[PDB]
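Residue numbers (the authors' numbering), protein chains in the order written: chain B, 27 to 43, 81 to 330; chain B', 27 to 43, 81 to 330; chain C, 61 to 179. A prime marks a further copy of an entry chain.
Idealized CB from N, CA, C, for every residue including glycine.
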Amino acid sequence: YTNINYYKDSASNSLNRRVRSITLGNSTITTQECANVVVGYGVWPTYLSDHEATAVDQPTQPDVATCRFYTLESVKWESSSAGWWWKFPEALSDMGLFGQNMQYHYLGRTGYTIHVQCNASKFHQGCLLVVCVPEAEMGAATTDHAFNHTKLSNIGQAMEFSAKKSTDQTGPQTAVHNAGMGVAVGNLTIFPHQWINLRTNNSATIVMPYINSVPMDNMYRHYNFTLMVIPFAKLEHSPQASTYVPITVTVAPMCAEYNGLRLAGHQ
Amino acid sequence: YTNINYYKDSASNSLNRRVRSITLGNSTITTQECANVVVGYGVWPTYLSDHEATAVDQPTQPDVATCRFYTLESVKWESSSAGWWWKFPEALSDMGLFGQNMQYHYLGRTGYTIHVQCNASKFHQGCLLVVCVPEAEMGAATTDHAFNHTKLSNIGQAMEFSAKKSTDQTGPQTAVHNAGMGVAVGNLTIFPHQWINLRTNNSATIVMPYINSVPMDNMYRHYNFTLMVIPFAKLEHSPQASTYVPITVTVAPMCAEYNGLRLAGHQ
Amino acid sequence: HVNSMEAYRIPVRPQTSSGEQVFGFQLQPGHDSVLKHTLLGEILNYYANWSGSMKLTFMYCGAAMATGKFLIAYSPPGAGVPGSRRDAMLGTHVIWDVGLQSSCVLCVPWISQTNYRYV
């Protein structure tokens, strides 16, 4: 442990040894019954600082027009239903003045808040897993073959998993127990997640920051994170109960900045 | 002069007896040769205060994306050319993220800066009049007949006057010496104006505030002001000189606010 | 024209309709074959990364009695390339009169997602 340094470089060294609502814009969701709000990796979504921001152009922050609650589509929960995934910000690419700022700006940095809501009765049973996965590079269905950009994510459409495996020639491997990444689906509880147990929970609220290796990135060729809703316990009821149990996703961008103003994309 | 008041109301009373550039956004015009900048009725364009703002929704101020220099089309100055008029904000209704904020917002308040540029040589002669007329209710060509909304102003197209009178059945009276308002065209020097004398001037820069009876108004059914470019001395040169002398208009919104966020207009 | 002095000789002329393009190139110093063999380009080619703002300077070598304006515009990568004066006015631009000044400086700002760009 003499700890002397012969060379001049650092890389030449040795090893180192109820009523709780959210009012975003002109929009209000309601409620959490004083339950819980999962926030990211413990980090609230903030703006860009000056140690960051390699760009020299001045940022565009609308703060009201783009940062309100955008209600996505509604999907149908069945007994033989495997799961769904939405890839962001592709799912918000056409909604309001948020998707309009994306076309005129080269870079873009934003955080989100995800509110997955699915109500039932006391006589329904089931359990969902709502998980937000950053950088989910998915595997193709037919290996050694490239696959299409409209099979990964359409514009705001909920791409769904499958109970069996997928033999498609141009899409991703949608086996739900491999979760599209070749990984065990029980181990997706590292990412910011929350369960929806139909006997006690009724909702899930995740607040994700901007997680990327660069401070600002183009949002038309890079999926920042995907949102996977996978039921682990399947929906079961009596045949006299209400059979249509829908799942609505409501998502809202938080602290959105843009840079590089030019004409409309995205060629 | 006893000055006593018998009644309790106020309305029941008696009578009362070089290098000077402008860098707006990512955009720079150049220059004025230390000449002049005409500003409005002596009033710089500002935001809305709290004595005003009858609306309760929070305003949307983008400040970079919408408030840069937008270069309109180029028109051709000839000898037998009467004039032109652009009606605002209809002329900026399709340009950039300014025309995109108009579709999603009910109200809108903005000021402008108008930079009309037309260069020539020392051997050309002529004089333009660049005037900004608020609330120019124009008269129809065929009287007792209603006239179309695309004859008053197309989207950003330069509607032109005529040397003779107009016998149209669905447009405005475009006699240039009556200036479309039934008024003597020599008396349009009340409105904020600036001459372009081709021997000394080369440009004109007008900065107009928001002039309206209400603090915020819908910008898809009301023309706030029109911009008239009328040559008083006609363009003359030798036949060996350059015959094509164009006129370019460059305009930029200043301190634009919006309220009433809803879906896209304008039905 | 690269075997003569006409390679440095960007031509302008009186037009018939305005808004037309004068020239145009990509902003790839060290790789694009316009600004590759310049003095900035021969120095980046000894390297494999560059970063910072470039400065373009013009000089109108015309008559002393001619007058006109231009629209020199930089556009961020995004999508795609502008094909009109109406399209290349939304990006970074300046307006340069040749009756007032003969030289115009356009500081091309550094907009990127990364800290460096490959040569």
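Alpha-carbon to alpha-carbon, residue j and residue i
i, j, result
"B':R284", "B':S142", "35 Å"
"C:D157", "B:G171", "35 Å"
"C:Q161", "C:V72", "17 Å"
"B':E299", "B':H178", "23 Å"
"B:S137", "C:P142", "39 Å"
"C:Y68", "C:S163", "16 Å"
"B':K139", "C:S111", "44 Å"
"B':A116", "B':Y321", "11 Å"
"B':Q163", "B':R83", "31 Å"
"B:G323", "C:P137", "8 Å"
"B':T28", "B':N217", "60 Å"
"B':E223", "B':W147", "4 Å"
"B':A209", "B':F288", "21 Å"
"B':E153", "C:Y178", "44 Å"
"C:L104", "C:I171", "19 Å"
"C:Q173", "C:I155", "28 Å"
"B':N281", "B':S90", "27 Å"
"B':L135", "B':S301", "29 Å"
"C:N175", "C:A108", "13 Å"
"residue 2 of chain B'", "B':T230", "No information on residue 2 of chain B' is available, as it lies outside the stretch 27 to 330 that chain B' covers here."
"residue 45 of chain B'", "C:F85", "Coordinates for residue 45 of chain B' are absent, as chain B' skips straight from 43 to 81."
"C:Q81", "C:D147", "12 Å"
"C:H153", "C:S144", "14 Å"
"B':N31", "B':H114", "30 Å"
"C:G122", "B':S305", "15 Å"
"C:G90", "B:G328", "27 Å"
"B':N241", "B':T206", "15 Å"
"C:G79", "C:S135", "17 Å"
With 16 other Cβ atoms within 10 Å as the buried cut-off, status of residue i
i, result
"B':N211", "exposed"
"C:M65", "exposed"
"B':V193", "buried"
"C:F83", "exposed"
"C:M119", "exposed"
"B':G243", "buried"
"B':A37", "exposed"
"C:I70", "exposed"
"B':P235", "buried"
"C:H97", "exposed"
"C:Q75", "exposed"
"C:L99", "exposed"
Residue i and residue j closer than 9 Å at C-beta
i, j, result
"B:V102", "B:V312", "no"
"B:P294", "B:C190", "yes"
"B':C181", "B':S266", "yes"
"B':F151", "B':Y167", "no"
"B':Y169", "B':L155", "no"
"C:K129", "C:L166", "no"
"B:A204", "B:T233", "yes"
"B:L261", "B:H187", "yes"
"B:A221", "B:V239", "no"
"B':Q121", "B:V248", "no"
"B':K228", "C:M125", "no"
"B':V308", "B':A183", "yes"
"B:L87", "B:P125", "no"
"C:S113", "C:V168", "yes"
"C:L87", "B:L326", "no"
"B:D157", "B:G219", "yes"
"C:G159", "C:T127", "yes"
"C:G101", "B:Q330", "no"
"B':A145", "B':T237", "yes"
"B:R43", "B:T94", "no"
"B:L290", "B:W149", "yes"
Do the segment 314-325 of chain B and the segment 190-207 of chain B meet, that is, are 3 or more Cβ pairs less than 8 Å apart? no
Inter-stretch contact at 8 Å, needing at least 3 Cβ pairs: the segment 262-282 of chain B' / the segment 96-116 of chain B': yes
Taking contact to mean at least 3 C-beta pairs separated by less than 8 Å, is the segment 248-258 of chain B in contact with the segment 86-104 of chain B? yes
Whole runs of the alpha helix (DSSP H) within the segment 195-228 of chain B', excluding any shorter than 4 residues: Qualifying alpha helix (DSSP H) stretches, in chain order: 212-215.
Which residue spans inside the segment 98-126 of chain B form an unbroken beta strand (DSSP E) run of at least 3? none
Restricting to runs no shorter than 4 residues, where is the alpha helix (DSSP H) found entirely within the segment 146-184 of chain B? 159-166
Uninterrupted alpha helix (DSSP H) stretches inside the segment 89-119 of chain C (no shorter than 4 residues): 101-104
Mind pulling the beta strand (DSSP E) runs of 3 or more residues that sit fully within the segment 281-328 of chain B? Fully enclosed beta strand (DSSP E) runs of 3 or longer: 288-299, 308-324.
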